[PDB]
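**Q** Quick one: the structure is below, questions incoming.
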Amino acid sequence: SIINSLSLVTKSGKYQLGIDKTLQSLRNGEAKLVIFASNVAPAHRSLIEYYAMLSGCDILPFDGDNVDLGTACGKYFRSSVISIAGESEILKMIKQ
RNA sequence: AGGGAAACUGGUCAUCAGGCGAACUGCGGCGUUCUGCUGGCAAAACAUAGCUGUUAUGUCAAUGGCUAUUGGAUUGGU
């Protein structure tokens, strides 16, 4: 359901892809929502939700592994976290 | 630490590694091995030459192992 948007995210605007990039984006107050995998590590999973609360940045915990969230964007490798200028298709509604 | 990767790239004799962060850059960090230069150290030891116990010179320069054994390193399989 949400992969319909997340395909068009790659077309529309810029996005970060992993834990090093997403934490730099959250520190700057730049990233406006962020998406977990199921199997993201229990150091980073606790830490990323903390900065998302502090920023006022929206959270979308996606069921399915880093394999599924990797091939959601289309690229042929495993990605635990994707954070995300210009929305793809109304992400205000679809996150809820 | 920076860097932020599909036109996938890097790598082994072989399997492989990477957004849980690769290539790549630092006169990075650190461990274990390595080359050179010393100290120990020529006073010793050894080989020539000569004198009746000791005085002379000399032990140099270059650079491979497809050979073996040993120590160690990097890995794999069962």
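By convention in this document, the chains of the structure tokens carry letters A, B, ... by their order, each chain's residues are numbered from 1, and ligands are numbered from 1 in the order they are shown.
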Using only C-alpha atoms (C1' of nucleotides) and a cut-off of 8 Å, which residues of chain B sit close to chain A? Please list them as a list in words.

**A**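 Residues satisfying the distance criterion: residues 6, 19, 20 and 21 of chain B.
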
**Q** Those same residues, written as a PDB file, in the first residue's frame with N, CA and C atoms (P, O5', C5', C4', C3', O3' and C1' of nucleotides)?

**A**
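What follows is the written file result-v7.pdb:
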```pdb
ATOM      1  P     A B   6      27.656   3.615  -8.393  1.00  0.00           P
ATOM      2  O5'   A B   6      26.128   3.266  -8.683  1.00  0.00           O
ATOM      3  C5'   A B   6      25.620   1.925  -8.525  1.00  0.00           C
ATOM      4  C4'   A B   6      25.025   1.436  -9.825  1.00  0.00           C
ATOM      5  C3'   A B   6      23.586   1.877 -10.100  1.00  0.00           C
ATOM      6  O3'   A B   6      23.362   2.053 -11.497  1.00  0.00           O
ATOM      7  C1'   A B   6      23.667  -0.466 -10.018  1.00  0.00           C
ATOM      8  P     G B  19      26.288  -3.539   4.880  1.00  0.00           P
ATOM      9  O5'   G B  19      25.578  -2.143   5.159  1.00  0.00           O
ATOM     10  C5'   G B  19      25.303  -1.233   4.080  1.00  0.00           C
ATOM     11  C4'   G B  19      24.729   0.052   4.625  1.00  0.00           C
ATOM     12  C3'   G B  19      23.220   0.056   4.836  1.00  0.00           C
ATOM     13  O3'   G B  19      22.876   0.834   5.980  1.00  0.00           O
ATOM     14  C1'   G B  19      23.797   1.678   3.213  1.00  0.00           C
ATOM     15  P     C B  20      22.081   0.178   7.210  1.00  0.00           P
ATOM     16  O5'   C B  20      23.237  -0.494   8.079  1.00  0.00           O
ATOM     17  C5'   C B  20      24.135   0.307   8.875  1.00  0.00           C
ATOM     18  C4'   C B  20      24.954  -0.562   9.804  1.00  0.00           C
ATOM     19  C3'   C B  20      25.816  -1.634   9.136  1.00  0.00           C
ATOM     20  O3'   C B  20      27.087  -1.795   9.773  1.00  0.00           O
ATOM     21  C1'   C B  20      24.407  -2.641  10.724  1.00  0.00           C
ATOM     22  P     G B  21      28.275  -0.722   9.575  1.00  0.00           P
ATOM     23  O5'   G B  21      28.098  -0.232   8.070  1.00  0.00           O
ATOM     24  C5'   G B  21      28.573  -1.019   6.962  1.00  0.00           C
ATOM     25  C4'   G B  21      28.911  -0.121   5.798  1.00  0.00           C
ATOM     26  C3'   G B  21      30.086   0.830   6.021  1.00  0.00           C
ATOM     27  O3'   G B  21      30.888   0.894   4.842  1.00  0.00           O
ATOM     28  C1'   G B  21      28.172   2.066   5.417  1.00  0.00           C
TER      29        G B  21
END
```

**Q** List every residue of chain A that DSSP, applied to the backbone of this structure, assigns to strand (DSSP E or B), and report them as a list in words.

**A** residues 33, 34, 35, 36, 58, 59, 60, 61, 82 and 83 of chain A

**Q** Would you work out the distance separating CA of residue 35 (chain A) from CA of residue 63 (chain A), expressed in Å to one decimal?

**A**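 Interatomic distance here is 9.9 Å.
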
**Q** Just want the 12 Å neighbourhood of residue 10 (chain B), counted on only C-alpha atoms (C1' of nucleotides), with same-chain residues fewer than 4 positions away dropped. Output as a PyMOL selection string.

**A** chain B and resi 5+16-18+22-24

**Q** Please list as a tab-separated table (two decimals) with C-alpha atoms, in the first residue's frame every residue within 9 Å of residue 9 (chain A), counting only C-alpha atoms (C1' of nucleotides) and excluding residues in the same chain fewer than 5 positions away.

**A**
```
chain	number	residue	atom	x	y	z
A	14	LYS	CA	15.95	13.60	-2.40
A	15	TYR	CA	16.24	10.87	0.26
A	73	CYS	CA	12.83	1.68	-3.37
A	84	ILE	CA	13.09	11.47	3.48
A	86	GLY	CA	8.87	17.72	-2.29
A	87	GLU	CA	6.61	14.82	-1.25
A	88	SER	CA	5.82	12.00	-3.68
A	89	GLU	CA	2.06	11.61	-3.12
```

**Q** Just to confirm, what's the straight-line distance from CA of residue 42 (chain A) to CA of residue 27 (chain A) in Å (one decimal)?

**A** 19.7 Å

**Q** Can you list every residue in chain A that DSSP puts in alpha helix (DSSP H), as a VMD selection string?

**A** chain A and resid 3 to 12 19 to 28 44 to 55 66 to 73 91 to 94

**Q** Quick one: residues within 12 Å of residue 14 (chain B), only C-alpha atoms (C1' of nucleotides) counted, chain neighbours fewer than 4 positions away excluded, as a PDB file with N, CA, C and O atoms (P, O5', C5', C4', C3', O3' and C1' of nucleotides), in the first residue's frame?

**A**
```pdb
ATOM      1  P     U B  75      41.818 -13.005   8.251  1.00  0.00           P
ATOM      2  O5'   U B  75      41.283 -14.097   7.221  1.00  0.00           O
ATOM      3  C5'   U B  75      40.984 -15.446   7.631  1.00  0.00           C
ATOM      4  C4'   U B  75      40.880 -16.340   6.418  1.00  0.00           C
ATOM      5  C3'   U B  75      39.925 -17.516   6.537  1.00  0.00           C
ATOM      6  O3'   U B  75      38.565 -17.148   6.315  1.00  0.00           O
ATOM      7  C1'   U B  75      41.980 -18.274   5.661  1.00  0.00           C
ATOM      8  P     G B  76      37.372 -18.034   6.931  1.00  0.00           P
ATOM      9  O5'   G B  76      37.462 -19.391   6.101  1.00  0.00           O
ATOM     10  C5'   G B  76      37.066 -19.435   4.717  1.00  0.00           C
ATOM     11  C4'   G B  76      37.496 -20.734   4.077  1.00  0.00           C
ATOM     12  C3'   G B  76      36.771 -21.982   4.547  1.00  0.00           C
ATOM     13  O3'   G B  76      35.470 -22.089   3.974  1.00  0.00           O
ATOM     14  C1'   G B  76      39.086 -22.422   4.437  1.00  0.00           C
ATOM     15  P     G B  77      34.266 -22.745   4.812  1.00  0.00           P
ATOM     16  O5'   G B  77      34.644 -24.292   4.830  1.00  0.00           O
ATOM     17  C5'   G B  77      34.665 -25.053   3.607  1.00  0.00           C
ATOM     18  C4'   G B  77      35.320 -26.397   3.824  1.00  0.00           C
ATOM     19  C3'   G B  77      34.613 -27.333   4.788  1.00  0.00           C
ATOM     20  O3'   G B  77      33.530 -27.996   4.144  1.00  0.00           O
ATOM     21  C1'   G B  77      36.942 -27.334   5.231  1.00  0.00           C
TER      22        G B  77
END
```

**Q** So the first atom is CA of residue 36 (chain A) and the second is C1' of residue 8 (chain B); what is the distance between them in Å, to one decimal place?

**A**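 A separation of 24.6 Å between them.
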